[PDB]
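Below you'll find the structure, written out as structure tokens, and then a few comments.
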Amino acid sequence: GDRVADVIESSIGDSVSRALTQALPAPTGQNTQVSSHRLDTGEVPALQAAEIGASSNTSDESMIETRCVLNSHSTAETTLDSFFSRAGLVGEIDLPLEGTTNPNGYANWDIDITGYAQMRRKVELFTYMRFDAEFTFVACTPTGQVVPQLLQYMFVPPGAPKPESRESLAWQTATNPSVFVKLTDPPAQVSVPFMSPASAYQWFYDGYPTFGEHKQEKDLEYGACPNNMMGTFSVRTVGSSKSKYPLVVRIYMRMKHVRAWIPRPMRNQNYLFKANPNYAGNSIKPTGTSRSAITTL
Amino acid sequence: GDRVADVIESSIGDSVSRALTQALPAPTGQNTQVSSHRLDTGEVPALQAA
Amino acid sequence: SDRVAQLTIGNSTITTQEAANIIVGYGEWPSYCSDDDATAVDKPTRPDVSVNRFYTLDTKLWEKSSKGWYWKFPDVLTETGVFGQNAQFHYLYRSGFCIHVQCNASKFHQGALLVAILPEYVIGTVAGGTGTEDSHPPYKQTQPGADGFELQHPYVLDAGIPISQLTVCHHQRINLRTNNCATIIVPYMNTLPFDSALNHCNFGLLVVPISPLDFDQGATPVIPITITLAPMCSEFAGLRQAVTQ
Amino acid sequence: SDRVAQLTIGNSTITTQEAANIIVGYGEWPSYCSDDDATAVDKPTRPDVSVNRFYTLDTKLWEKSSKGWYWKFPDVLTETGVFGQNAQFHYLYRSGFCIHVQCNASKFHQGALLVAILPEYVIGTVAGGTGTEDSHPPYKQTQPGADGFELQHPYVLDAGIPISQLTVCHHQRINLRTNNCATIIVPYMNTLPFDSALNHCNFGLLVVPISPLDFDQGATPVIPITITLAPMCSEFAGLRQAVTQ
Amino acid sequence: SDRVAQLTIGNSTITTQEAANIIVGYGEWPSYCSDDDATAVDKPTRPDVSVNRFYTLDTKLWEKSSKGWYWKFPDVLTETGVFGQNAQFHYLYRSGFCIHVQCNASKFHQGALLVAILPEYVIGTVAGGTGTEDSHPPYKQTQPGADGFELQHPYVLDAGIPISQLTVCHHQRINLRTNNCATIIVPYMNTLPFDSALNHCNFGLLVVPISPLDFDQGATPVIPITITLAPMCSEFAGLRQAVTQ
Ligand SMILES: CCCCCCCCCCCCC/C=C/[C@H](O)[C@H](N)CO
């Protein structure tokens with residue numbers, strides 16, 4: 001039991017989060033109210049102190065004579081579902097016959113949705129995002145031709161054996177999930193849960209995963225979060241022999257049940273690499289367009 | 001009739017003159033009252049802003 | 001009533017006569033880890049006054065040709081006082097912070113600094129300039145400590161992201177004709193309830209001049225910027241030998 | 001609470017951080033014409049926001065050798081905006097005003113301006129100097145417009161009346177070590193409920209330095225005076241073609 | 001609310017815009033002599049407004065090489081006005097005081113003065129320097145009047161007692177960057193209810209610069225110190241011819 005007064009009157013162990021703000025409903029845009037003229041002293045709503053770090057609480061009712069406007073413009077299309085529940089390209093797998101890419105008939109793809117700029121810049125608006133997903137696989141020939149071929153889409157989680165071939169033993173999918181499809185069918189579409197050991201994925205990780213000295217050898221590890229390495233996507237031509245059709249598998253991901261935290265500045269520079277916020281330092285481009293002078297247009 | 005809110009909540013047509021002052025009777029000069037010494041802060045009636 | 005502030009935590013006290021206000025980050029004050037959010041079962045140590053107190057790191061000089069500086073948290077306190085021993089002796093760490101930046105100048109001085117908190121401030125590099133080399137930052141740039149590091153390209157924050165949208169995070173300004181202190185209170189921000197203090201840095205602290213310092217020849221040309229910061233609601237768990245990195 | 005003011009009328013807004021107060025003229029706020037005081041039977045147009053708004057005329061320079069300037073109302077707005085079209089298209093006119101004069105200087109500048117409203121400011125002349133000629137002022141001196149006119153003999157206000165007794169009308173001071181704005185609110189003052197805006201000017205606006213401007217060599221020598229004014233409770237009646245004079 | 005003060009007593013009035021506060025000495029306001037404390041049986045005269053009013057003595061200059069000045073009470077008012085006639089015509093005297101010291105300077109001036117009230121400020125001398133001579137101060141050093149006297153050794157206050165412990169009496173500071181007036185209200189302090197004003201001085205008034213005055217070449221180098229003081233609750237008893245000493 002607690003006897004001394006500094007321990008009885010202590011705020012240690014206050015687990016309850018003390019919040020200043022509260023979320024209120026805003027199904028529509030705020031309505032404008034009627035305003036008249038103001039000719040007094042002391043009350044000066046146009047003057048702010050931006051050094052506070054807050055934003056201006058000035059409205060148009062206090063800057064001009066306004067009318068009543070009953071707004072019925074909905075804020076429903078700015079939600080995170082409506083902004084992210086839109087399938088976009090996150091992956092592309094090529095299965096050729098001759099060449100170097102994948103000449104054996106199988107292809108493993110380390111899952112990362114940071115290889116296509118248009119979906120990456122949408123997620124990197126936040127640093128933490130938690131969601132369930134819906135992946136869709138659009139398979140076709142280079143020319144776009146639909147051909148009579150069977151494939152197997154195996155999810156290889158981390159730790160499970162990756163297939164070293166088409167005739168491999170990992171393809172028996174006794175415990176790993178798999179999808180068999182013909183190219184003549186609609187694209188395969190499966191729903192995936194939130195599968196992180198953490199409470200949210202994170203597109204930016206300011207740190208190293210491992211302890212120890214950090215020399216130039218193990219500097220690749222900077223930024224790598226194992227909580228986002230969700231495993232491997234594998235694909236093959238179901239068969240003991242060589243296929244006759246070249247193939248491409250394109251992967252489209254749609255988020256659902258989205259939560260996000262901590263918005264960030266948006267990428268203005270061209271991406272260069274996967275899971276690396278590097279940029280071209282010689283060819284730094286300004287965020288927008290330029291002028292000849294500041295007094296013109 | 002008036003329907004929109006900017007017209008209902010309007011001060012247009014306010015013909016009544018809004019006066020700040022009021023004329024009071026002064027048949028005599030103002031009397032002088034007794035005063036004593038003042039040795040405080042804050043209350044400084046000699047200082048003006050002309 | 002709002003330009004004066006006294007910040008007392010521990011055995012430490014800051015005065016300011018020319019303040020703006022206090023920024024409480026994301027409208028959350030720092031707190032302790034609840035039993036629902038917790039997963040580790042060891043009892044954490046909660047040293048109230050020996051680690052939750054104001055620490056003063058160093059002093060950067062605001063010159064005309066300045067570009068900016070960043071500091072990474074909690075790397076700034078991993079070699080300092082009792083905090084940087086509990087953090088080395090333990091494996092897990094949880095804390096908020098009160099950051100407080102100081103820059104004094106006269107009434108004949110002009111300039112502005114953006115003082116901002118960027119979570120998970122991952123550091124990119126110029127990639128050889130051409131963008132072909134997949135270069136990486138060394139350890140003395142991602143965890144630079146109390147000395148901080150000088151921004152090479154502060155327009156993109158050395159991460160390809162514009163400085164102009166950085167007010168979407170926490171921030172204050174130090175406008176020398178209005179204020180000389182900038183006080184931000186940051187809660188613990190991570191996907192996990194605890195994490196390592198030596199491997200992972202939760203956020204960065206940027207100090208960038210948007211408007212450049214200017215004065216006429218005769219005034220005090222040394223305008224220092226001093227970083228002063230206090231942990232809040234600190235918690236440590238998982239005790240073993242002291243390792244530094 | 002009294003040095004700060006925001007004046008909002010129409011689509012216009014003035015801020016001031018270094019004010020004195022607002023002078024409400026003769027303790028009467030502007031009003032509309034009652035049915036008892038009215039004689040004309042036509043319905044007047046009352047355009048609320050398109051004419052009752054702040055208009056900015058021009059900028060006079062306060063030099064060392066200044067003497068003063070005057071502006072005549074409503075002649076200043078008979079070629080400007082929607083007011084100066086309703087006033088030309090109509091025959092009758094009624095309005096108050098909010099005048100607002102701006103002069104900014106440093107804390108190392110000194111000087112004072114008397115900013116006063118003189119009703120029926122009839123302009124006399126030197127009469128040849130000897131007083132024998134019965135000279136008269138031209139039209140570009142009695143109705144000088146937004147450009148205003150420079151006083152020749154501001155001791156007598158070019159009317160034979162002393163400047164020293166001019167505080168019996170409305171006035172403020174602009175003392176540069178105390179204030180930089182002067183706000184006067186004037187009602188409609190005439191023997192009639194309406195009158196012509198082009199033929200008759202209700203009052204004048206004098207800006208005279210009583211104390212001369214002084215500064216040491218190195219300070220900003222251009223100290224502008226800017227006139228900014230808003231009609232109030234405007235009313236127009238008797239519509240015909242647009243005539244300018 | 002606390003930096004502004006108006007002190008009205010009699011036909012006299014002081015304004016200050018840059019004050020600290022008023023010091024009421026030993027938490028006792030001045031009072032009149034009770035019938036229990038009184039021993040003399042004659043009726044005392046209590047002239048309310050002709051002696052209880054602010055008197056202005058003279059003006060000392062604060063130079064760089066200053067050391068300090070002292071004034072002895074009531075010797076400062078024994079040749080001045082109606083007080084210094086009632087005090088000469090009578091034998092007994094009782095009063096409090098309100099002392100008020102004035103020193104104006106700019107915001108580019110720095111310095112501090114200790115303004116203190118030392119009861120029974122007996123004046124010692126250097127004793128020949130060697131301490132063998134039992135020298136004594138002349139009359140123009142123990143009762144120097146309104147002109148005051150310049151301290152030779154202000155460290156020991158020319159009495160062998162340290163200046164540093166002088167805040168144990170009444171005091172204010174005049175810090176030129178904070179205040180320009182110092183107001184102390186002193187009651188009658190003596191072992192007796194009345195006493196002679198010409199033979200006995202109740203207290204002294206020290207004005208010593210602890211921090212020296214400094215300014216750069218171009219500013220006003222004449223920084224005057226002006227003593228201004230008002231009796232309070234004055235009382236005189238025992239009437240005979242006017243003797244000056
Ligand atoms: C036939 C079954 C196939 C199912 C495959 C679904 C894979 C599930 C992974 C979805 C989660 C992706 C989250 C990725 C995060 C980022 O790429 C990492 N932070 C890497 O930068």
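Numbering starts fresh at 1 for the residues of each chain in the structure tokens, the chains themselves are lettered A, B, ... in the order given, and ligands are numbered from 1 as they appear.
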
Is it possible to get the superposed chain E, fitted on chain C over all Cα pairs by sequence order, as a tab-separated table (two decimals) with C-alpha atoms, in the first residue's frame?
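For reference, out_23.tsv as written:
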chain	number	residue	atom	x	y	z
E	1	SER	CA	-1.34	35.56	-19.57
E	2	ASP	CA	-0.19	33.90	-22.81
E	3	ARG	CA	3.25	35.37	-23.62
E	4	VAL	CA	4.69	34.26	-20.25
E	5	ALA	CA	5.26	30.63	-19.37
E	6	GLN	CA	7.04	28.57	-16.74
E	7	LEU	CA	7.66	24.91	-17.54
E	8	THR	CA	8.45	22.88	-14.42
E	9	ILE	CA	9.19	19.17	-14.69
E	10	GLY	CA	11.56	17.45	-12.28
E	11	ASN	CA	14.46	19.46	-10.91
E	12	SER	CA	14.30	21.84	-13.85
E	13	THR	CA	12.53	25.05	-14.77
E	14	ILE	CA	12.37	27.24	-17.88
E	15	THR	CA	11.15	30.82	-17.97
E	16	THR	CA	10.01	32.74	-21.02
E	17	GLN	CA	8.66	36.27	-21.28
E	18	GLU	CA	8.20	36.34	-25.08
E	19	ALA	CA	6.31	33.15	-25.88
E	20	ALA	CA	3.48	32.32	-28.24
E	21	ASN	CA	1.72	29.35	-26.61
E	22	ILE	CA	2.27	25.61	-26.11
E	23	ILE	CA	1.52	23.15	-28.90
E	24	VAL	CA	0.08	19.88	-27.63
E	25	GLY	CA	0.75	17.37	-30.33
E	26	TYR	CA	-2.18	15.76	-32.18
E	27	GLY	CA	-4.36	16.87	-29.28
E	28	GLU	CA	-2.98	14.06	-27.12
E	29	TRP	CA	-1.04	14.61	-23.99
E	30	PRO	CA	1.57	11.97	-23.11
E	31	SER	CA	0.28	8.98	-21.19
E	32	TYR	CA	1.35	5.63	-19.81
E	33	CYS	CA	0.81	2.29	-21.49
E	34	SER	CA	-2.53	0.68	-20.68
E	35	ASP	CA	-2.92	-3.00	-19.89
E	36	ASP	CA	-5.01	-3.50	-23.02
E	37	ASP	CA	-2.38	-2.00	-25.33
E	38	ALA	CA	0.45	-3.75	-23.50
E	39	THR	CA	1.78	-7.13	-24.58
E	40	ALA	CA	5.02	-7.53	-22.62
E	41	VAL	CA	4.48	-8.94	-19.15
E	42	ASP	CA	7.51	-7.68	-17.25
E	43	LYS	CA	6.90	-4.85	-14.85
E	44	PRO	CA	8.28	-1.60	-16.31
E	45	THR	CA	10.26	0.88	-14.27
E	46	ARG	CA	8.78	4.38	-14.16
E	47	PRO	CA	11.45	6.76	-12.79
E	48	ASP	CA	9.51	9.95	-12.33
E	49	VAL	CA	12.00	12.77	-11.79
E	50	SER	CA	15.40	11.33	-12.76
E	51	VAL	CA	14.58	11.00	-16.48
E	52	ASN	CA	11.54	13.27	-16.95
E	53	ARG	CA	13.41	16.55	-16.77
E	54	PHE	CA	14.77	19.15	-19.12
E	55	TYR	CA	18.02	18.30	-20.87
E	56	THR	CA	20.02	20.84	-22.87
E	57	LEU	CA	21.83	19.42	-25.87
E	58	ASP	CA	23.98	22.02	-27.64
E	59	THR	CA	23.82	25.35	-29.45
E	60	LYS	CA	23.60	25.95	-33.18
E	61	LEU	CA	24.43	29.35	-34.67
E	62	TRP	CA	21.96	31.05	-36.99
E	63	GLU	CA	24.12	32.68	-39.65
E	64	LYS	CA	23.03	34.33	-42.88
E	65	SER	CA	23.99	31.28	-44.96
E	66	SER	CA	22.13	28.76	-42.83
E	67	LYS	CA	20.04	25.96	-44.31
E	68	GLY	CA	18.64	24.06	-41.33
E	69	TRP	CA	19.30	21.35	-38.76
E	70	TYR	CA	17.59	18.16	-37.63
E	71	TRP	CA	17.73	16.09	-34.45
E	72	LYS	CA	16.40	12.57	-33.99
E	73	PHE	CA	14.51	11.39	-30.94
E	74	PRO	CA	15.33	9.54	-28.62
E	75	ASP	CA	18.87	9.36	-30.06
E	76	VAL	CA	19.59	12.76	-28.51
E	77	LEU	CA	19.37	11.35	-24.95
E	78	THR	CA	21.00	7.92	-25.33
E	79	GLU	CA	24.34	9.15	-23.95
E	80	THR	CA	23.01	11.72	-21.45
E	81	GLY	CA	22.07	11.40	-17.79
E	82	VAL	CA	19.92	8.76	-16.17
E	83	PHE	CA	17.60	8.46	-19.17
E	84	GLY	CA	20.48	7.33	-21.39
E	85	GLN	CA	21.42	4.66	-18.85
E	86	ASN	CA	17.95	3.22	-18.30
E	87	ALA	CA	17.60	3.22	-22.08
E	88	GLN	CA	20.87	1.33	-22.57
E	89	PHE	CA	20.26	-1.06	-19.68
E	90	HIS	CA	16.75	-1.84	-20.92
E	91	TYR	CA	15.48	-3.09	-24.28
E	92	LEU	CA	12.07	-1.39	-24.42
E	93	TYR	CA	11.20	2.28	-24.20
E	94	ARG	CA	8.11	4.49	-24.20
E	95	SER	CA	7.91	8.24	-23.69
E	96	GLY	CA	6.48	11.52	-24.77
E	97	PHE	CA	8.47	14.72	-24.94
E	98	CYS	CA	8.31	18.44	-24.36
E	99	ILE	CA	10.66	20.13	-26.81
E	100	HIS	CA	11.58	23.76	-26.21
E	101	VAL	CA	13.74	25.73	-28.65
E	102	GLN	CA	15.42	29.02	-27.73
E	103	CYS	CA	16.57	31.82	-30.02
E	104	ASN	CA	17.02	35.33	-28.63
E	105	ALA	CA	17.54	38.45	-30.68
E	106	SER	CA	16.93	42.17	-30.41
E	107	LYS	CA	14.03	44.26	-31.70
E	108	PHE	CA	16.29	45.42	-34.56
E	109	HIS	CA	16.70	41.81	-35.77
E	110	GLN	CA	14.42	40.06	-38.24
E	111	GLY	CA	13.99	36.44	-39.23
E	112	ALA	CA	11.81	33.37	-38.93
E	113	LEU	CA	12.42	29.72	-38.11
E	114	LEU	CA	10.06	26.82	-38.68
E	115	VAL	CA	10.31	24.46	-35.71
E	116	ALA	CA	8.55	21.22	-36.60
E	117	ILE	CA	8.16	17.60	-35.47
E	118	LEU	CA	8.25	15.07	-38.32
E	119	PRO	CA	7.37	11.48	-37.32
E	120	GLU	CA	9.45	8.69	-38.85
E	121	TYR	CA	11.75	11.19	-40.56
E	122	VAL	CA	13.49	8.73	-42.85
E	123	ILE	CA	16.61	10.20	-44.44
E	124	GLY	CA	17.14	9.86	-48.16
E	125	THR	CA	20.17	10.79	-50.20
E	126	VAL	CA	21.01	12.35	-53.54
E	127	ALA	CA	21.41	8.91	-55.15
E	128	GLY	CA	24.63	9.98	-56.82
E	129	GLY	CA	22.89	13.08	-58.15
E	130	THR	CA	21.91	11.29	-61.35
E	131	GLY	CA	19.57	8.92	-59.51
E	132	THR	CA	21.37	5.76	-60.65
E	133	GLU	CA	23.40	4.95	-57.53
E	134	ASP	CA	21.26	3.45	-54.77
E	135	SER	CA	23.32	5.19	-52.13
E	136	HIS	CA	22.40	5.09	-48.46
E	137	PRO	CA	22.97	7.43	-45.52
E	138	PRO	CA	25.61	6.45	-42.94
E	139	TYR	CA	24.90	5.99	-39.26
E	140	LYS	CA	26.19	9.48	-38.42
E	141	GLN	CA	23.38	10.97	-40.53
E	142	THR	CA	20.34	8.90	-39.51
E	143	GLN	CA	21.24	8.88	-35.79
E	144	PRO	CA	23.40	12.00	-35.39
E	145	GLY	CA	22.73	12.49	-31.69
E	146	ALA	CA	22.74	15.73	-29.74
E	147	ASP	CA	25.02	17.40	-32.29
E	148	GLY	CA	22.35	17.19	-34.97
E	149	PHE	CA	23.02	17.33	-38.68
E	150	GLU	CA	22.97	20.11	-41.24
E	151	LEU	CA	20.41	19.73	-44.04
E	152	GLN	CA	21.94	19.60	-47.52
E	153	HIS	CA	18.72	20.30	-49.46
E	154	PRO	CA	16.13	21.65	-47.00
E	155	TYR	CA	13.58	22.26	-49.76
E	156	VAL	CA	12.94	18.51	-49.92
E	157	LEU	CA	14.11	17.87	-46.32
E	158	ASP	CA	16.67	15.38	-47.68
E	159	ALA	CA	13.75	12.98	-48.16
E	160	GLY	CA	12.07	14.15	-51.37
E	161	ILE	CA	9.16	15.78	-49.52
E	162	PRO	CA	8.48	19.54	-49.59
E	163	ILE	CA	9.21	21.78	-46.64
E	164	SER	CA	6.11	23.81	-47.58
E	165	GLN	CA	3.67	21.05	-46.51
E	166	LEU	CA	5.51	20.51	-43.21
E	167	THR	CA	3.01	22.58	-41.23
E	168	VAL	CA	0.71	19.54	-41.44
E	169	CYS	CA	2.76	18.11	-38.60
E	170	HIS	CA	3.36	19.86	-35.30
E	171	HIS	CA	5.08	23.18	-35.58
E	172	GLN	CA	5.66	26.62	-34.22
E	173	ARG	CA	7.44	29.63	-35.65
E	174	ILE	CA	10.13	31.67	-33.99
E	175	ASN	CA	9.52	35.13	-35.43
E	176	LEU	CA	12.11	37.31	-33.73
E	177	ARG	CA	9.78	40.31	-33.65
E	178	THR	CA	7.13	38.26	-31.84
E	179	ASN	CA	8.63	35.32	-29.94
E	180	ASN	CA	11.90	33.71	-28.89
E	181	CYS	CA	10.70	30.30	-27.68
E	182	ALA	CA	8.91	27.40	-29.35
E	183	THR	CA	7.27	24.79	-27.12
E	184	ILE	CA	5.88	21.52	-28.53
E	185	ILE	CA	4.56	18.63	-26.42
E	186	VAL	CA	4.74	15.30	-28.26
E	187	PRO	CA	3.13	12.00	-27.18
E	188	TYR	CA	4.56	8.58	-27.90
E	189	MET	CA	3.78	7.86	-31.56
E	190	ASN	CA	4.37	4.34	-32.80
E	191	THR	CA	2.50	1.31	-34.07
E	192	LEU	CA	3.80	-0.54	-31.03
E	193	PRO	CA	3.36	0.25	-27.33
E	194	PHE	CA	7.10	0.06	-26.66
E	195	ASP	CA	10.17	-0.04	-28.87
E	196	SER	CA	13.93	0.20	-28.78
E	197	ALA	CA	15.45	3.64	-28.24
E	198	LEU	CA	18.79	2.84	-29.90
E	199	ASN	CA	17.54	1.19	-33.10
E	200	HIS	CA	14.35	3.13	-33.77
E	201	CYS	CA	13.81	6.89	-33.66
E	202	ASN	CA	10.19	7.93	-33.35
E	203	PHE	CA	10.38	11.42	-34.84
E	204	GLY	CA	12.71	14.16	-35.97
E	205	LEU	CA	12.91	17.83	-35.01
E	206	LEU	CA	13.49	20.26	-37.86
E	207	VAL	CA	14.70	23.83	-37.38
E	208	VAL	CA	14.76	25.60	-40.75
E	209	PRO	CA	14.94	29.35	-41.55
E	210	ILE	CA	12.23	30.21	-44.04
E	211	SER	CA	13.01	33.91	-43.77
E	212	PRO	CA	16.75	34.68	-43.51
E	213	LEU	CA	18.38	36.45	-40.61
E	214	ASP	CA	19.42	40.04	-41.26
E	215	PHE	CA	20.90	42.83	-39.19
E	216	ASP	CA	22.97	45.94	-39.78
E	217	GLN	CA	26.68	46.09	-39.02
E	218	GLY	CA	27.03	46.80	-35.30
E	219	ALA	CA	24.42	44.51	-33.81
E	220	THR	CA	25.19	41.21	-32.11
E	221	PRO	CA	25.97	38.88	-35.04
E	222	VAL	CA	25.92	35.65	-33.00
E	223	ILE	CA	22.29	34.52	-32.77
E	224	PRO	CA	22.30	31.08	-31.12
E	225	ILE	CA	19.63	28.39	-31.35
E	226	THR	CA	19.46	26.13	-28.30
E	227	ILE	CA	17.48	22.90	-28.05
E	228	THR	CA	16.06	22.01	-24.64
E	229	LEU	CA	13.83	19.00	-24.16
E	230	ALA	CA	12.15	16.97	-21.44
E	231	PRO	CA	10.91	13.38	-21.55
E	232	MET	CA	7.39	12.79	-20.29
E	233	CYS	CA	5.75	9.67	-18.94
E	234	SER	CA	8.84	7.56	-19.51
E	235	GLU	CA	8.78	3.79	-19.22
E	236	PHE	CA	11.46	1.13	-19.63
E	237	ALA	CA	11.17	-2.65	-19.81
E	238	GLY	CA	13.45	-5.61	-20.39
E	239	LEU	CA	16.62	-5.40	-18.36
E	240	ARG	CA	20.00	-6.76	-19.39
E	241	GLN	CA	23.53	-5.50	-19.85
E	242	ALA	CA	24.22	-1.97	-21.06
E	243	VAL	CA	24.69	-1.88	-24.82
E	244	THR	CA	25.18	1.41	-26.62
E	245	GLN	CA	24.17	0.47	-30.18

Next item on the list: Give me every alpha helix (DSSP H) residue in stretch 34-111 of chain E, going by DSSP on the backbone, as a ChimeraX atom specification.
Entry: /E:48-51,83-89

Checklist line | One-decimal distance in Å that lies between atom CA of residue A:113 and atom CA of residue A:229 | finding: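 Atom CA of residue A:113 lies at a distance of 10.8 Å from atom CA of residue A:229.
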
Margin query: Tell me as a list in words which residues belonging to chain A come within 10 Å of chain B, counting only C-alpha atoms.
Written below: residues 33, 34, 35, 36, 37, 65, 66, 67, 68 and 69 of chain A

Write out, as a tab-separated table, each residue of chain A that has an atom at most 7 Å from ligand 1, together with the closest pair of atoms and their distance in Å to one decimal, counting only C-alpha atoms and all ligand atoms, rows going by chain and rising number.
residue	atom	partner	partner_atom_place_in_ligand_line	distance
A:111	CA	ligand 1	17 (O)	5.9
A:112	CA	ligand 1	17 (O)	3.1
A:113	CA	ligand 1	17 (O)	4.4
A:114	CA	ligand 1	17 (O)	5.7
A:133	CA	ligand 1	10 (C)	6.6
A:135	CA	ligand 1	6 (C)	6.6
A:153	CA	ligand 1	1 (C)	4.7
A:154	CA	ligand 1	1 (C)	4.9
A:155	CA	ligand 1	2 (C)	4.5
A:177	CA	ligand 1	2 (C)	5.8
A:178	CA	ligand 1	1 (C)	4.6
A:179	CA	ligand 1	1 (C)	5.0
A:190	CA	ligand 1	2 (C)	6.9
A:192	CA	ligand 1	6 (C)	6.0
A:201	CA	ligand 1	19 (N)	6.3
A:202	CA	ligand 1	19 (N)	5.6
A:203	CA	ligand 1	19 (N)	4.7
A:225	CA	ligand 1	19 (N)	6.8
A:228	CA	ligand 1	19 (N)	4.2
A:229	CA	ligand 1	18 (C)	5.9
A:230	CA	ligand 1	9 (C)	5.4
A:233	CA	ligand 1	5 (C)	6.0
A:274	CA	ligand 1	21 (O)	7.0
A:275	CA	ligand 1	21 (O)	4.7

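As for atom CA of residue A:90 and atom CA of residue A:249, they are spaced 11.1 Å apart.
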
Next item on the list: Write out as a PyMOL selection string all residues of stretch 30-88 of chain E that backbone DSSP assigns to strand (DSSP E or B).
Entry: chain E and resi 45+55-62+69-73

Restricting it to N, CA, C and O atoms, dump the selection as a compact mmCIF listing (two decimals), in the first residue's frame.
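selection_0.txt, freshly written:
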# COMPACT_ATOMS: atom_id res chain seq x y z
N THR E 45 -1.04 72.01 16.58
CA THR E 45 -1.63 72.46 15.33
C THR E 45 -1.41 71.40 14.26
O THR E 45 -0.32 70.84 14.12
N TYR E 55 7.03 68.65 -2.04
CA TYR E 55 8.07 69.65 -2.14
C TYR E 55 9.19 69.06 -2.98
O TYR E 55 9.51 67.87 -2.84
N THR E 56 9.75 69.87 -3.86
CA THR E 56 10.82 69.44 -4.76
C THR E 56 12.10 70.17 -4.40
O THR E 56 12.17 71.40 -4.45
N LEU E 57 13.13 69.40 -4.06
CA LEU E 57 14.32 69.94 -3.41
C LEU E 57 15.33 70.48 -4.41
O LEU E 57 15.68 71.67 -4.39
N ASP E 58 15.85 69.62 -5.27
CA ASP E 58 16.95 69.94 -6.17
C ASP E 58 17.12 68.76 -7.11
O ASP E 58 16.32 67.82 -7.11
N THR E 59 18.20 68.79 -7.89
CA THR E 59 18.43 67.81 -8.94
C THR E 59 19.90 67.44 -8.97
O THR E 59 20.75 68.29 -9.26
N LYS E 60 20.19 66.19 -8.66
CA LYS E 60 21.53 65.63 -8.79
C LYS E 60 21.69 64.96 -10.14
O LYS E 60 20.74 64.41 -10.69
N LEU E 61 22.91 65.01 -10.67
CA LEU E 61 23.24 64.44 -11.96
C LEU E 61 23.90 63.08 -11.77
O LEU E 61 24.91 62.97 -11.06
N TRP E 62 23.34 62.06 -12.40
CA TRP E 62 23.96 60.74 -12.44
C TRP E 62 24.98 60.71 -13.57
O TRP E 62 24.61 60.60 -14.75
N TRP E 69 24.51 59.80 -2.91
CA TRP E 69 24.09 61.02 -2.23
C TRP E 69 23.16 60.63 -1.09
O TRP E 69 22.46 59.62 -1.17
N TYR E 70 23.17 61.43 -0.03
CA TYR E 70 22.23 61.26 1.07
C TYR E 70 21.60 62.59 1.44
O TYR E 70 22.19 63.66 1.27
N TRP E 71 20.36 62.50 1.92
CA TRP E 71 19.57 63.61 2.41
C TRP E 71 18.98 63.22 3.75
O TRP E 71 18.59 62.07 3.96
N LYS E 72 18.92 64.18 4.66
CA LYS E 72 18.48 63.95 6.03
C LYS E 72 17.14 64.61 6.26
O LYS E 72 16.93 65.76 5.88
N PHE E 73 16.24 63.87 6.89
CA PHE E 73 14.89 64.29 7.14
C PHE E 73 14.70 64.57 8.63
O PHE E 73 15.14 63.77 9.46

Check: What residues in chain B have any atom no more than 9 Å from chain E when counting only C-alpha atoms, and can you write them as a PyMOL selection string?
Finding: chain B and resi 36-47

Next item on the list: Quick one: pull the distance between atom CA of residue A:247 and atom CA of residue A:169, Å, one decimal.
Entry: 22.8 Å
